[PDB]
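Form solved without the partner chain, single chain, as structure tokens, below.
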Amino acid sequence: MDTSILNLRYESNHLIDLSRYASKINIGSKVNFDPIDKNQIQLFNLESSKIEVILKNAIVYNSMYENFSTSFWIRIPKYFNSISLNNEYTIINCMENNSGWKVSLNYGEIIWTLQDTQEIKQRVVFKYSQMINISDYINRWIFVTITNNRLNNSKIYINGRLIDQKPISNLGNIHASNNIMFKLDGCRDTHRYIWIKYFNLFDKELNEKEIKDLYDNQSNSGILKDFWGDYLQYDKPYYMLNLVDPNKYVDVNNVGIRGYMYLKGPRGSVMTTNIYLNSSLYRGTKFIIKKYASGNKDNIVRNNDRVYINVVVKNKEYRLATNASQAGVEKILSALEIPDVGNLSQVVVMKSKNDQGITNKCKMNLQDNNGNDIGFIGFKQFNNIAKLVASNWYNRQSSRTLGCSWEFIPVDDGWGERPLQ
């Protein structure tokens, strides 16, 4: 039982339809594909930055009663300018002669619109704030699912969860376009772009289980993610965020075995008046993940990869390490001269999943040199200083949010902050 009417995927050297219908795909000259993952497609605010799918005539939506759904991932750069404030722009267009469906965006909004041949319309909308300290949505990959049941509602899901639903049983015949245009249409911000991936159309209303499964399956959950949702990489400098203490950042008081890594504050804020106000993300000692036991030639960090962690202090690389030999649960982490690590413990097991199954935010399980767990890396308040530690206390704990959850943040043009140093 195959409900896919379009499944747009990058294979070999081409974007192609992997559905049974084999619709034709025309790509403009200014479409960018991410080298690390060519399924990630960047569309600028330019006439030539477009992808047009010409649908088989027989699968064009033209009905009073047929249910259908769409799914895709999107990464939306922060809105930077007041010209975006009240400017709805189409991004995925299947409207013709004022009937059909489309996906549009606006300041802090993702919008679905349906319209019948008598111009009766209904919309469902996801809204997100740009005035939030740490956003789950701004410039981070979002999984969108929209379902349409002609007997009752359109529904919009975000990361597998229902956000909005609205009645559409009053709409009559909807006759959509023969082509789907992926293109910024009516956007007045000349600098705007989006990233998109994994666009699908389905000839049914997807149920909650199907949507959750699709989210889980397209998540690439064997691969660790950076803060934006891209693949976490080796050899790439990252700023660290601890989710349980998000107003602080990592620093090293002094390099060497008598120093320690710790959380210090304030992070401070980035703002453009009445457009955004967020915590500064480009703060503290950068981490670089290094290959240790990975067999893959590529630069991708996978679940259970055994690695080293380097830390950058005054533009020079040091090794994250601890002495595991004294009794005591928490092992304070230091930044060591790489040539002088000696018999200190440094091997880290990178985790994208809680157990074989359940996906968690990044964790780093430090090993001793006999291969026993020293514990997940987090932090411990030693009176007035929160020092970074590895601690098996974390390993024994529920599935609540703990101090061992981290995000890895690289500099990205959709965020727009300037690195201070």
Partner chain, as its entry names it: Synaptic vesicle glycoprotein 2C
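Residue numbers count along the first chain shown, from 1.
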{"property": "Residues with no coordinates between residue 397 and residue 398, taken from the deposited sequence as a class", "result": "1 to 3"}
{"property": "Comparing 171 to 179 with 316 to 324, the one whose average Cα B-factor in the PDB entry is higher", "result": "316 to 324"}
{"property": "Comparing 358 to 366 with 378 to 386, the one whose average Cα B-factor in the PDB entry is higher", "result": "358 to 366"}
{"property": "Residue with highest C-alpha B-factor in the PDB entry, from 100, 108, 339, 229", "result": "339"}
{"property": "Residue with maximal Cα B-factor (values as given in the PDB entry) among 243, 92, 223, 348", "result": "243"}
{"property": "Lowest, middle or highest third - CA B-factor, residue 412", "result": "lowest"}
{"property": "Cα B factor band for residue 186 (lowest, middle or highest third within the chain)", "result": "lowest"}
{"property": "CA B-factor ranking of residue 52, expressed as a third of its chain", "result": "lowest"}
{"property": "CA B-factor ranking of residue 255, expressed as a third of its chain", "result": "highest"}
{"property": "Among modelled residues of the same chain, the CA temperature factor third for residue 237", "result": "middle"}
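One more form of this protein, solved in complex with the partner chain, exists but is not displayed; see below.
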item	value
Which of 153 to 161, 271 to 279, 166 to 174, 206 to 214 sits within 4.5 Å of the partner chain in the deposited complex, heavy atom basis	271 to 279
Interface membership of residue 249, the partner chain in the deposited complex, 4.5 Å heavy atom rule	yes
Any non-hydrogen atom of residue 283 within 4.5 angstroms of the partner chain in the deposited complex	yes
Residue 267: touches the partner chain in the deposited complex, heavy atom cutoff 4.5 angstroms	yes
